[PDB]
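# An overview of the molecular structure
Residue-level listing of the chains:
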Amino acid sequence: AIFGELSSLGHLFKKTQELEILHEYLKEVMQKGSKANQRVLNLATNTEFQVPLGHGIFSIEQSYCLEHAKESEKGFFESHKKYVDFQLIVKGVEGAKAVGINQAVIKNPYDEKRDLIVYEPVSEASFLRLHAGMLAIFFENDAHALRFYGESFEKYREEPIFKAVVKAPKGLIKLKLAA
Amino acid sequence: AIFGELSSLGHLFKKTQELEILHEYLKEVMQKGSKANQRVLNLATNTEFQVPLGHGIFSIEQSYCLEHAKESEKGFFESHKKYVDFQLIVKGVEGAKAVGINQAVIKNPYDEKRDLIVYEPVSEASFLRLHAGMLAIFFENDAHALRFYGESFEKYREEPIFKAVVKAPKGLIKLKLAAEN
Ligand SMILES: [Zn+2]
Ligand SMILES: [Zn+2]
């Protein structure tokens, strides 16, 4: 898994044509007052909206309240095969747990239509505190569970967060420490 | 920051001889009975040992007990400029906190001699639970603090962990998501 500020991770998206619209989209969604930003912040709670980005890439814009205490056995632990997740928090704070799929127990085997494997919870997993402007990238080996709150951002149990989950085909996204 | 199982992250170390050399060391240290593995596991507690790997790359092999409760304001929060950290846990479990340098308050400005910026603690930062075989990679934008314990691995307060922090010159490391088009 990768995580960090979108504004520090721009170099990840340069010099590739397929990624160009995507990077533009991530920046637009974060820009206060932009069309994409206004659209995302106008989402009714517990709804989503899909935006096509070309080359098999699309964004799932969503808003919801946090559900699970970080110190609990709750949460929906999942991983994917076709797609890499680019999770961008637009407003609010979200807790994410992440663990390697080889450390997790499969509950529901891969469902191709939903591009989804479901795991038993791993409560003690790494915990990412994703505030607005932070990007978390989850690959095939990253089991992840979202919608956690911690004591410092408990208000988002009743005040919705806003985010985009960009799905990009893994065939396009090949993480390397070299170009 | 990047984190994951070393055995799931092999694809990262492709297409340069220098990354290949780095990867070879990381794998050797995890292999029970290897020269590097024995060297790391024989360290006395609270000591470290430096191993040059070529190309300006070197490993700081270390052993120590965990010091700070995760729910505390303790911890030495730092970032670097010249080097990228490859932190590999060889035995035990370690908690690491990581936060973007833009959310941290500078305490000690950059010291070029030691390649170090020191920050005020960010106790609520993301928390990485690094068990044996896990790798955390910290780049210049990643402020990080080590030696945390959580309740699920509190035994390493009294029993030492073993790890390597491999320092790679920034010029060797270019994080990319796709081929350049
Ligand atoms: Zn996902
Ligand atoms: Zn460091």
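Residues numbered from 1 in each chain as written, not as in the entry; some residues may be left out. Chains lettered and ligands numbered in written order. Heavy atoms only, no water. Residues with missing side-chain atoms left out of burial classes, pairs and counts.

- The deposited coordinates, according to the entry record, derive from X-ray crystallography at 1.530 Å resolution.

- Looking at the PDB entry, one finds chain B named HP1029 and attributed to Helicobacter pylori 26695.
- Per the PDB header, the title for this entry is "Crystal structure of Helicobacter pylori HP1029".

- Looking up chain A in the PDB entry gives the name HP1029, with the organism given as Helicobacter pylori 26695.

## So, the coordination of the zinc ion (ligand 2)
Residues and elements named next belong to chain B.
- For the zinc ion (ligand 2), the protein coordination sphere consists of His80 (NE2), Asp85 (OD) and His144 (NE2), at 2.0 to 2.1 Å.
- Here the donor residues for the zinc ion (ligand 2) map to a single chain with the spacing H-x4-D-x58-H. Each of the two residues, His80 as well as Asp85, counts as buried. (Donors = N, O, S within 2.8 Å, 3.2 Å for Na, K, Ca; no water. Buried < 20%, exposed > 50% of the residue type's maximum accessible area, 1.4 Å probe, protein only.)

## What to know about the UniProt feature "binding site: Zn(2+)" (unreviewed entry) in chain A
Residue and element names in this part refer to chain A.
- UniProt tags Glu78, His80, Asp85 and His144 as "binding site: Zn(2+)" (unreviewed entry). A maximum C-alpha distance of 11.4 Å places the annotated residues, which cover 67 residues in sequence, within one compact spot.
- For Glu78, the position within the fold is in strand β5 (residues 77-79).
- In this structure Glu78 touches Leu116, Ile117, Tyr119, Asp142, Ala143 and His144, once residues within four positions along its chain are discounted. (UniProt positions renumbered as here; feature names shortened; annotations may be inferred. Helix = DSSP H or I, 4+ residues; strand = E, 2+ residues; numbered from the N terminus. Contact = heavy atoms within 4.5 Å.)

## Here's the deal with the coordination of the zinc ion (ligand 1)
Residue and element names in this part refer to chain A.
- Protein-derived coordination of the zinc ion (ligand 1) comes from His80 (NE2), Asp85 (OD) and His144 (NE2), at a distance range of 2.0 Å.
- Donor residues for the zinc ion (ligand 1), ordered by position in the chain, follow H-x4-D-x58-H. When sorted by exposure, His80 lands in the same class as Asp85, which is buried.

## Quick look at the pairing of strand β7 (residues 93-100) of chain A
All names here are of chain A.
- Most of β7 is tucked away, with eight of its eight residues classed as buried.
- Because side chains alternate across β7, one face comprises the buried residues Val93, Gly95, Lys97 and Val99, and the other comprises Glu94, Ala96, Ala98 and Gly100, equally buried.
- Where β7 meets strand β10 (residues 126-131), six bridges bridge the pair, whose relative direction is antiparallel. Counterpart to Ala96 in the pairing with β10 is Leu128.
- Inspection of the sheet shows β7 paired to strand β12 (residues 142-149) by five bridges, in the antiparallel sense. Bridge pairing links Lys97 to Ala145 in β12. (Pairing = 2+ DSSP bridges.)

## Examining the interface of chain B and chain A
- Taken together, the 36 residues of chain B in the interface contact 36 residues of chain A.
- At the level of elements, β1 (2-5) and β10 (126-131) of chain B are the ones that each hand at least two residues to the side of chain B that touches chain A.
- No other element matches the five residues that β10 of chain B contributes to the side of chain B that touches chain A.
- The class makeup of the residues in the side of chain B that touches chain A is 17 nonpolar, 10 polar and nine charged. (Nonpolar A, V, L, I, M, F, W, Y, C, P; charged D, E, K, R; others polar.)

## Considering the packing of aromatic side chains
- A full pass over the atoms with the stated rule returns eight aromatic pairs over all chains.
- Judged by centre distance (5.4 Å) and plane angle (85°), the ring pair of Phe58 of chain A and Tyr83 of chain A falls under edge-to-face. Residue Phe58 of chain A is located in strand β3 (residues 57-64), and its partner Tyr83 of chain A is located in strand β6 (residues 83-91); the two are separated by 25 residues in the primary sequence.
- Between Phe58 of chain B and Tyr83 of chain B, the ring centres sit 5.5 Å apart and the planes meet at 80°, which makes this aromatic pair edge-to-face. Separated by 25 residues along the polypeptide, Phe58 of chain B in strand β3 (residues 57-64) and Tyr83 of chain B in strand β6 (residues 83-91) bring together distant segments of the chain.
- A relative accessible area of 24% means that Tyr83 of chain B is categorised as partly exposed.
- Pairwise contacts between aromatic rings join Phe77, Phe127 and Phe148 of chain A into one cluster.
- Looking at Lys70 of chain A, its charged tip hangs above the ring of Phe127 of chain A, at a distance of 4.3 Å from the centre. (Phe/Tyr/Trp six-rings, centres within 6.5 Å; stacked < 30°, edge-to-face > 60°. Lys NZ or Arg CZ within 6 Å of the ring centre and 35° of its normal.)

## Here we look at helix α1 (residues 17-30) of chain A
All names here are of chain A.
- Turning to α1, its buried residues are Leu19, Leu22, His23, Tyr25, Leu26 and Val29. Along α1, the residues classed as buried sweep out an arc of 160° about the axis, all on the same side. The outward face of α1, more than 90 degrees from its buried face, is lined by the exposed residues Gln17, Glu20 and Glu24.
- For α1, the elements touching its buried residues are α2 (35-41), β2 (47-54), β3, β6 and β13 (161-169). (Arc of directions from axis to C-beta.)

## Here's the deal with the pattern of salt bridges
Residue and element names in this part refer to chain A.
- Taken as a whole and judged by the stated rule, the model has 13 salt bridges over all chains.
- For the salt bridge of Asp85 with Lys167, the shortest nitrogen-to-oxygen distance reads 2.8 Å. A residue pair is termed long-range when its members are at least 10 positions apart, and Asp85 in strand β6 and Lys167 in strand β13 qualify at 82 residues. There is no split in this pair, since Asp85 and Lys167 are both buried.
- One salt-bridge network, in which partners are shared between bridges, spans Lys81, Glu140 and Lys170. (Salt bridge = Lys/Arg side-chain N within 4 Å of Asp/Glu carboxyl O.)

## With respect to the side chain of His80 of chain A
All names here are of chain A.
- For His80, the location among the structural elements is in the loop between β5 and β6.
- Taking the relative accessible area as the measure of exposure, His80 reaches 5% and is therefore buried.
- Only 3.3 Å separates the side chain of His80 from the side chain of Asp85, close enough to count as a polar contact.
- A distance of 3.3 Å separates polar atoms of two side chains, one belonging to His80 and the other to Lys167.
- Each residue touching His80, except ones within four places of it in the same chain, is listed here: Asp85, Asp115, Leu116, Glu140, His144 and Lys167. (Polar contact = N/O pair within 3.5 Å; in protein donor to acceptor, adjacent residues only side chain to side chain.)

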